[PDB]
Amino acid sequence: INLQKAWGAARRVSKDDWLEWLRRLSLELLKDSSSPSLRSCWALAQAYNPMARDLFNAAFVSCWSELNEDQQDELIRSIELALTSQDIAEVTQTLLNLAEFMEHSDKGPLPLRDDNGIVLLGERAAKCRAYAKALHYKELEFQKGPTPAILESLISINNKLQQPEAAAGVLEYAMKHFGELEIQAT
Amino acid sequence: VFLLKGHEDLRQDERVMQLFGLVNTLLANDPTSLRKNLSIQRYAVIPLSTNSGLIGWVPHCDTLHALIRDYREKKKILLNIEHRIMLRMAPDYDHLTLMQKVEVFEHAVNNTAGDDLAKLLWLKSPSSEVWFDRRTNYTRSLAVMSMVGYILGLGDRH
Amino acid sequence: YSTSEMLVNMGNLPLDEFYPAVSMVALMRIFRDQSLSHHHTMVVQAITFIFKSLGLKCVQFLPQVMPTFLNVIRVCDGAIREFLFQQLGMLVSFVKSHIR
Amino acid sequence: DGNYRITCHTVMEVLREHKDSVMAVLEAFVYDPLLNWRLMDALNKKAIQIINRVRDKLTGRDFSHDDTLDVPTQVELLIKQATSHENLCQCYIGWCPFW
Amino acid sequence: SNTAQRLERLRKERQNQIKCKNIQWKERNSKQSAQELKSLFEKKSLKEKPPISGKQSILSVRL
Amino acid sequence: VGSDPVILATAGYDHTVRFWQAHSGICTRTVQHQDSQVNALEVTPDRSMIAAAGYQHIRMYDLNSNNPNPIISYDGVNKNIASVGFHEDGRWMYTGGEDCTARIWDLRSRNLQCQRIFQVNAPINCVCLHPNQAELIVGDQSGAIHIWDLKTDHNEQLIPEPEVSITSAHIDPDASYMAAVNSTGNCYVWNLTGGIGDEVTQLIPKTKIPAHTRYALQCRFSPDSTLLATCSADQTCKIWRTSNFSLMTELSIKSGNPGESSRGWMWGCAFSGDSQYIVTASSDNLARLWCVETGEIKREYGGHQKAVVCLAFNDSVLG
Amino acid sequence: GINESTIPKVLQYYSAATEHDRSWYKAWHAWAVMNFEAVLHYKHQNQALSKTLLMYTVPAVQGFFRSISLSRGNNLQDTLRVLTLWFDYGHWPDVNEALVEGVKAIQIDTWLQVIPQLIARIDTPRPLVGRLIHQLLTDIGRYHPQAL
């Protein structure tokens, strides 16, 4: 219930402030997680920051389930703002791992703008130099409807993933399972 | 750990293990094949008589049939949904002509989306980096046995 | 790889006992290194609370804590060793017959 | 058509380049008097055609004896046969063709 | 008794089992009647060269 | 009761064959057919007995009386029966089996031994009879059409293209063309024998009509030899003319909704005496009555519970 | 193709290649395999003389043994083709002298890969070829008793 103050600050502009905001958010979650097991580690979190980073995923899911639709909705738009604000790899990596943890859970991925925000996360991880995650999101978009933009994007990712043969298969897909005289020369 | 087999002739299996050993050597000294890390997994076969033997136990491996069965039962999905649909549309499936079986078979695969193995391999991957590495090995290891098995003429690959 | 498995909950463990599992591995990570010797005083006071809070469901965590906990007492020196014995005396009072 | 087909092309080229090496081991296998009984269902006449079939499959003269097929064309024909619905439906039920 | 009931029970289905005519395929033919085959199954009724028109009377009474 | 000028019969996976009439949609009689599925059924020229063949037995049923049992049954074959047929005078019955044997059965209960056996290397799917009752056509799964002549014991082997299995073949009653279809939808038409005297059995390739992109199931002519209807697996039936082989009328049963996804194939078709109304039996557990001009259906029959893959429709010769 | 005149021609080229540059694996192997292919061509010819296959079998055996000692690690094909001639044309006295010197010349640690083939034909009914198998099997047990 008090996570909104930790989330909704909007006063973070410098890189250090984002780092301070991340540790304040991580510290807040351990304080009230509706589980005595996580509360006991709150004291060590203040005296040791690295032990609180790996507990961010466990703390977040505990509080997120308790909140109702209205409370959890405000968190979602705060996460969207955090993702589309800075370009620091460290901050994005923490949020990227949170999304993957929710997908493996049986409750499904956390809601976002469009289809759990696969489009937003897909282009966000490209600049973070984590192409394993980026390829996964692009394939999810392809399963719904193939488009020339997606086919071009898949070729680029595989080329920088040291898989020249995998990118070759994408071209053959457009040669026969797509309109002719449409493949760009690039 | 071994697997003591009875009432089975393992002399033939010993001879095909030697054949796979030759294929591994052939792919080892090929510059275009060595770089892709192509190989065939083998297990020890020690025959003891004309109808007995001793097969080595390969760890960390589970059969495909049991792998799919666990996934479907967890998702509250019947193990033989596809088989039931074919029988529902035509109970005498085993007696239909060649053209009629195609209609029943094609109808079953269209009403059920086959992606159990695709999602199974991802839910067992701790991260996305590991998931991509395992998928690449799976694709290029199934292709090797398909061509080698074709030359050897392997059958009954249930 | 087992530690990495628990961080993502690959076993689909229910959240009721998932939190003690993920908390335990995090504490042991900063407990196996002699560099963080100053934090060893208070981390044990948190481990003993987890065992007390759970009760009979902390048995499966014994194979993780005990091998490291006994090793630390052997190598640590000073007033910490006298404090660890009292804490070790509280852990054996929670799990009774499984310390065999 | 990506990793799978390209890998199949690479493996087939290796086998055809070393045809003699893999033919010698198979010949010592089929021509074993005490081991070919299960494949016997003249006396060695059937063993002759088995080796002939293997040699044809290693030269591309398998689908049609009239012409010789290259690796890309031979692999393409195998893929069509393996995934064709006409061949899959005839399989045994326990084989799970639909899976 | 036990088998007495079965004996009369078996007769009940015997009455209804004689209502079907079964013709088996014997492996016999006119193999030696090569010359006689020109008329046994080789009638060759080449006829009906003249065509006849119709007035759609087949469906006239149907609808 | 078969004491009507026109009769209609449908059968399929429902294990029961329904007898219909063109005047109304009511079902006259229901006959039972256990532990088998009907491949194709045809009525004897005497119009007093019908034949149903499927899975190693050809059960014969009565029409004048009301007997739901197979009064006459045939056995001996070890595989399915592709199709059956009768001589114009009802002397002998020719049956095509999946066991690669095309044989002729004798309808006389005496030691006539008028049966002949023809052997091929591949299982057959369709058997056709020449209008003069002197020649016969055998088509296997290898795409090779064997023209079998009854006068002699040699059969010419003709194959338009290999690797493709043919499904149906038919000859118009007026003996003007000879068409057949294969597993890719191509409908090959050859000019039939012009040697009516000594049966020189010569053939030439007349035309090829590219249509039916999906599987082609059955092609059949019309009594007036002016129409040609070919079934297909894409739920569409196209009627072709004998003048220039153009699309005369196109028939379809697709609902236009992507959520169905080929709900049922279109198996068989049949013409009437005047070649005006056609009867079609699809695998959607129902049969429809169509018209060659308006396109829109005339009547619908939905008394079956399972799919129907065969139908028989004959009427009076005059029309 | 391999004809009655092509085979004598190609043997001249391969024979000259061996002497020009010895200790070449692809040189001895190509000449040795051709002789093995030559006898098979003549064997199929006369089944549809003992002294007509002798001029090709003897050089083939000598050629394979040279290649075996020259590969030392990838000679599975070479060590297997020897058994084919040994078990089928080893009953003639002229072939025995080439085989006995070859076995002694080559290293003992080369027959391990072909142990299953040797055990299969222990019971050959020809005493001239049967006893030759026993000597090397005993020699294998002398050095590697736990493999046999």
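- What the deposited record gives as its method is cryo-EM, and the resolution it gives is 3.41 Å.

- Per the PDB entry, chain G goes by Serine/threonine-protein kinase mTOR and derives from Homo sapiens.
- For this entry, the PDB record gives the title as "cryo-EM structure of DEPTOR bound to human mTOR complex 2, overall refinement".

- Identification of chain F as Target of rapamycin complex subunit LST8 from Homo sapiens is taken from the PDB entry.
- Its UniProt record gives chain F a comment under Sequence similarities, which states: "Belongs to the WD repeat LST8 family."

### Observations concerning the interface of chain G and chain D
Interface size is commonly expressed as the accessible surface area that is lost when the partners come together.
Reasoning step 1: Each side of the interface is counted separately: chain G has five residues, and chain D has nine residues.
Reasoning step 2: Summing both sides of the interface, chain G and chain D together bury roughly 630 Å²; the carbon and sulfur share of this comes to 58%.
Reasoning step 3: By the criterion of area lost to chain D, the three top residues of chain G are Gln 77, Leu 80 and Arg 81 of chain G, representing 55% of everything that side buries.
Reasoning step 4: Linking chain G with chain D are zero salt bridges.
Reasoning step 5: Connecting chain G to chain D are one residue pair in polar contact.
Reasoning step 6: Here the side of chain G that touches chain D takes three residues from helix α4 (residues 76–89) of chain G, the largest share from any one element.
Reasoning step 7: Classifying every residue of the side of chain G that touches chain D gives two nonpolar, one polar and two charged.

### What to know about the packing of aromatic side chains
All names here are of chain A.
Reasoning step 1: Counting across every chain of the model gives 23 aromatic pairs over all chains.
Reasoning step 2: With a centroid separation of 5.9 Å and 80° between ring planes, the pair formed by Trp 18 and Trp 21 is classed as edge-to-face. Taken together, the residues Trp 18 and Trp 21, both in helix α2 (residues 15–31) and three residues apart, mark about one turn of the helix. Each member of the pair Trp 18 and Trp 21 is classed as buried.
Reasoning step 3: Three or more aromatic residues joined by ring pairs make a cluster, and in this case those are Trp 7, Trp 18, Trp 21, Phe 56 and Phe 60.

### Details of helix α3 (residues 64–74) of chain B
All names here are of chain B.
Reasoning step 1: Among all positions in α3, only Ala 66, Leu 67, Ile 68, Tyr 71 and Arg 72 are buried.
Reasoning step 2: Each element contacted by the buried residues of α3 is listed here: α4 (81–89) and α6 (116–123).
Reasoning step 3: At the C-terminal side of α3, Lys 76 shows a positive phi close to 55°.

Rules of the game
- Here the residues of each chain are numbered from 1 in the order the sequence is written, which can differ from the numbering of the entry; residues without coordinates are not included.
- Labels are handed out in written order, letters beginning with A for the chains and numbers beginning with 1 for the ligands.
- Note that the displayed chains come from a larger assembly and that each value is computed for the displayed part only.
- Side-chain calculation: all heavy atoms of the structure are included, whereas hydrogens and water are not.
- Residues with missing side-chain atoms are left out of burial classes, side-chain pairs and their counts.
- UniProt positions are given in the numbering used here, feature names are shortened, and annotations may be inferred rather than shown by experiment.
- Throughout, a contact is declared for two residues whenever any of their heavy atoms are within 4.5 Å.
- Each of two parts loses accessible area, computed with a 1.4 Å probe, when they are put together; buried area is these two losses added.
- By convention in these notes, a salt bridge is any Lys or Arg side-chain nitrogen within 4 Å of a carboxyl oxygen on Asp or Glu.
- Polar contacts here mean pairs of N or O atoms no more than 3.5 Å apart (in protein, one a potential hydrogen donor and the other a potential acceptor; neighbouring residues in sequence count only if both atoms are side-chain atoms).
- Only DSSP runs of H or I reaching four residues or more are called helices, and only runs of E reaching two or more are called strands; each is numbered from the N terminus.
- All amino acids are sorted into three groups, where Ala, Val, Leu, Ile, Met, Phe, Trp, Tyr, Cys and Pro are nonpolar, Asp, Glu, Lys and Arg are charged, and the leftover types, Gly among them, are polar.
- The rule is short: rings of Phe, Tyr and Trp, with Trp giving its six-membered ring, pair when the centres are within 6.5 Å, and they are stacked under 30 degrees, edge-to-face over 60, tilted in between.
- Exposure categories follow from relative accessible area, calculated using a 1.4 Å probe and restricted to protein chains: below 20% of the type maximum is buried, above 50% is exposed, and the middle band is partly exposed.

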